[PDB]
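One chain comes next, on its own, written out as structure tokens in the form deposited in one PDB entry.
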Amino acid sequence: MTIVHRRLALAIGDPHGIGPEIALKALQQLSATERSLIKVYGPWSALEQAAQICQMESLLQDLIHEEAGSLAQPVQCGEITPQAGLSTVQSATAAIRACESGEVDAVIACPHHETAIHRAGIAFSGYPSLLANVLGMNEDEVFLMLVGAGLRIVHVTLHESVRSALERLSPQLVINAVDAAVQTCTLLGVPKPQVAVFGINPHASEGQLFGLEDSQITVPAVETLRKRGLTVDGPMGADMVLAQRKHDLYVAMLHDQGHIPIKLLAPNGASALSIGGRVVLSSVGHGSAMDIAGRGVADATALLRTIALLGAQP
């Protein structure tokens, strides 16, 4: 059964971690045709290392590959180094540039190590930020969509105090979040999705009874999106709309509104998609696992599921 129905870039993550290993393990399970659709970005030495541990030398031949994040020294499985940190960011940057340019349709980034990246002197708050830099966009014009248990939830704000989020919220920012999420839905295999916008305040403010914010922010936003031809319900109380389960995309105003449901229904298998300017990037749901790196016992189910998600048939 085929799962890859488009061209993907696979950035192999921290080359001292399990990233390289899970990359090979995942690709091995795909057919030849499927493998020809996945271009692997990262240092070749890391991949040779993982091949020898995993007995997958045969596979390296049939691998489309672009050298990125080359190492100046041998691979040290399980060690945190700035060298590995830079490699990580260079591989992901290459993958993203390939997607920006149209050479691939999406990017999957294998696990990084924040310490590694930090020690290299590189600021990194997440894949949202990274994606912003590379494309030269504002950090807040890149959005996180969680996907899990059939729920797709884009977040208009993310990793800041609730106060800070509320101060930042505006009609335009919501419109941008939806625009990004709707295009992403095309990739995922839902070309014209039915959208629901969450209320900032409880029950979407109940007119103005529980706040003015929804009347100033979410209501204008929805009316514009409707006048531009989009099918959008709301603002409605997050709690209520989610329970109905009659929409393809939900638009959370705050981190917890979208994160709580996803993690409740999918405490392991949720994908996190950073989306900006025609680039969709998903991390893999776990860390670099330095404790097991290079012992060849890492599961590549998560990565495979991530490939199935970004690879869906239109």
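The numbering used is simple: start at 1 and walk along the sequence shown.
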{"item": "Per the entry, higher mean C-alpha B factor between 137-145 and 156-164", "value": "137-145"}
{"item": "Member of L249, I262, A289, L47 with the greatest C-alpha B factor (per the PDB record)", "value": "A289"}
{"item": "Identity of residue with top Cα B-factor, from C77, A94, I108, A181", "value": "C77"}
{"item": "Among modelled residues of the same chain, the CA temperature factor third for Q194", "value": "highest"}
{"item": "B-factor third for the C-alpha atom of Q83 within its chain", "value": "middle"}
{"item": "Position of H255 among the chain's modelled residues by C-alpha B-factor, lowest, middle or highest third", "value": "lowest"}
{"item": "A26 - which third its CA temperature factor falls in, relative to the rest of the chain", "value": "middle"}
{"item": "Assigned third (lowest, middle, highest) for the C-alpha B factor of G150", "value": "middle"}
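Below, we refer to the form deposited in another entry, which is not included among the displayed structures.
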item	value
Pairwise rigid-part agreement between this form and the one not shown (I3, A120)	yes
